[PDB]
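Single chain ahead, by itself, as C-alpha cells, in the form deposited in one PDB entry.
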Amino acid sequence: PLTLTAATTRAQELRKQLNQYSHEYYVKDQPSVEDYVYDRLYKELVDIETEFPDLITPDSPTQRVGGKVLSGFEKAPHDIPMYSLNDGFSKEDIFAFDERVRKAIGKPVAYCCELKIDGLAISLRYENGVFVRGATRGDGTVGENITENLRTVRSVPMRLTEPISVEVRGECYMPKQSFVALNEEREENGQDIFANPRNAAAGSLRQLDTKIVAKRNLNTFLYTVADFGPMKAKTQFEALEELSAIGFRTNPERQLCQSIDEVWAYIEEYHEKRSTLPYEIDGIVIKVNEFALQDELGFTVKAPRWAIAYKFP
C-alpha cells in the first residue's frame, strides 16, 4: 500500500504537524485541535514507523515514551557554572539587597521578578536546533547527564523553532496533580512516598529506565540563557520572551518591576496566590533586569550578586 518513498515523506509531514500540536498543548498549555485529531495522526505515524523503523527520528513524538535503559549517568560539566541563589527572608532583606545593588550600580535599577519553582535545576544544550544534552545542576560545575530522561519530558523541545545553537537553564518539576497521583501509586505498591514534589522530581530524574521517567509527568519552566549563540535579548525580561519565541515553556507570572517597592508588592501578591497554583513554589526570585548591570555586579563564589531569592517562611 504505502512505499518506503511515500512513507519517508509522509513521516516528516506527521512529525511537523504533531510536534506543532504538542508545542501548543505542552509548551503553550493551549491546544488548538481536539485530542482525537492528534491521536489519529499519531497512530498513522506509529503505523509508518512500525512498518519502516528506519524512519524513526529523535524528534518524532513517538519517542516521548522512552525505552532506553542506562547503566548510570555520565558526568555533565558546566563550563559556564550553574550557581545557586543567595537567600532573603524578610522585607528588610529584600530592601537591603536593593540598597547594595544601587550602591554598586549608582542609580535606580529595574528588576525582573519570577516565581521560584520548587523542583530540580537543569541545563539544556541545542546544536543547530537539535537537543543534544540535558544535565542536572549537580554541584555547580559538574552535574549528571540526564539527556535521555529529558527526551521524555513532554515540554522539552527536541527541535527548536530556529536551527540555533544555545544552552538554556530552567526548572524541571512535577505538578501537584501528578505528585498526588504518583504517591497514591507508590502507596498501592508498598513503596515509600515522596515527601514533596521536589523530591519526587529529583528521584524521577535519577531513574535509569527512561520508560519509567516518561510516566512521571514532569514539566518545565526555562528562565536563563547561559550560552546566547545568536539570541538578542539584552535584559532578563527580554530573555524570557525570547526563550518562549524559540520554543521553550516559560512561566507566565513574571513581572518587570521598576522599584523595590513594586518588587515587594509582587512578592505579597503571589505569596497569597501560592496555593492556587498547579505547581509548588518556595519563594520569589528577584533579578537585576539589565544584563549589562548583571555583568557589572558579577558573582560571589556561591551566587550572582545581581539576584536574590525571597524564601517563603
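Each residue number is its position in the shown sequence, starting from 1.
Although not depicted, the form deposited in another entry is the subject of the following passage.
Looking at 98, 68, 242, 226, the entry at the hinge of the rigid-part motion between this form and the one not shown is 68, while the rest lie more than 12 positions from any hinge. In the other form, the CA atoms of residue 152 and residue 11 sit farther apart than in the displayed form, by at least 3 angstroms. Between the C-alpha atoms of residue 57 and residue 250, a gap widened by no less than 3 Å is obtained in the other form, as opposed to the form on display.
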